[PDB]
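Note: ideal-geometry Cβ built from the backbone for every residue, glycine included; neighbour counts use all protein chains shown. Only the coordinates and a few stated rules stand behind these numbers; no lab work does.
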Amino acid sequence: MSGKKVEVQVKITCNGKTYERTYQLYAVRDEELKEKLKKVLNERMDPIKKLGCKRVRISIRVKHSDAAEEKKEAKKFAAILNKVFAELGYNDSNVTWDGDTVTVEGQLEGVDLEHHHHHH
């Protein structure tokens, strides 16, 4: 049945206030883990959309199943998170990878309603 378990720590800062929690994601398919990541990301963004934060920074740390596995597993999971980011509306220029941790930055249309529209 189901595959390996990953622990995902999501840390988001808005208005100088940090919301952080570590989650256990146990899935059978890669696709199941992806939608689980989406649910966790939405969960951390739920009170943050109510705040309408002009800009937020999210750092996500992933637990690797073993030490030797880390290099291949980081790249393997990296595809999983990058696909989730692209499925949620985050750009490649908004995602920065550093080892076992990926930091994604973004803005909400709450306080700042002046969305950057393409030049006409």
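Quick notes
- Placing a label point 7 Å from the Cα of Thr13 along the Cα-to-Cβ line, the residues of region 57-78 whose backbone N sits under 18 Å from it are 57-61.
- Exposure proxy ranking for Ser2, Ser93, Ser65, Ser59, based on other Cβ atoms within 10 angstrom of each Cβ and starting from the fewest, stands as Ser93, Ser2, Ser65, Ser59.
- When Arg44, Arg57 are arranged by Cβ crowding within 10 Å, least crowded first, meaning fewest neighbours, the order is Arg57, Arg44.
- Taking every C-alpha pair closer than 8 Å and separated by at least 6 residues, the mean separation divided by the residue count of region 1-108 gives a relative contact order of 30 percent.
- Global form of the chain, assessed from the alpha-carbon gyration tensor, a/c cut-off 1.5: prolate
- Proximal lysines relative to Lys5, as straight alpha-carbon distance under 27 Å, when same-chain residues fewer than 8 apart are discounted: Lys34, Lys36, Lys38, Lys39, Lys63, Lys71, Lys72, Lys75, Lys76, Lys83
- Rounded to 10°, Cα long-axis angle of helix 70-88 versus longest principal axis of the chain: 40 degrees
- Gyration tensor verdict on region 19-67 (Cα atoms; rounded if a/c is under 1.5, prolate if a/b is larger than b/c, oblate otherwise): prolate
- The angle separating the long axis of helix 30-49 from the principal Cα axis of greatest extent in the chain is about 30 degrees.
- Placing dummy labels 7 Å off each Cα toward the beta-carbon, the span from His119 to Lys38 is 3.5 nm.
- Of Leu33, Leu108, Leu81, the residue with the greatest mean-square motion in the GNM of the chain, using alpha carbon springs below 10 Å, is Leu108.
- As a calculated quantity, the FRET efficiency between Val28 and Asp92 at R0 = 35 Å, using C-beta atoms, amounts to about 0.75.
- Note on the chain: GNM, Cα springs under 10 Å; of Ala79, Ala67, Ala27, the largest mean-square fluctuation is that of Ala67.
- A Cβ-based charge dipole, computed about the Cα centre of the chain with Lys and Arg at +1 and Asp and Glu at -1, lands at about 260 debye.
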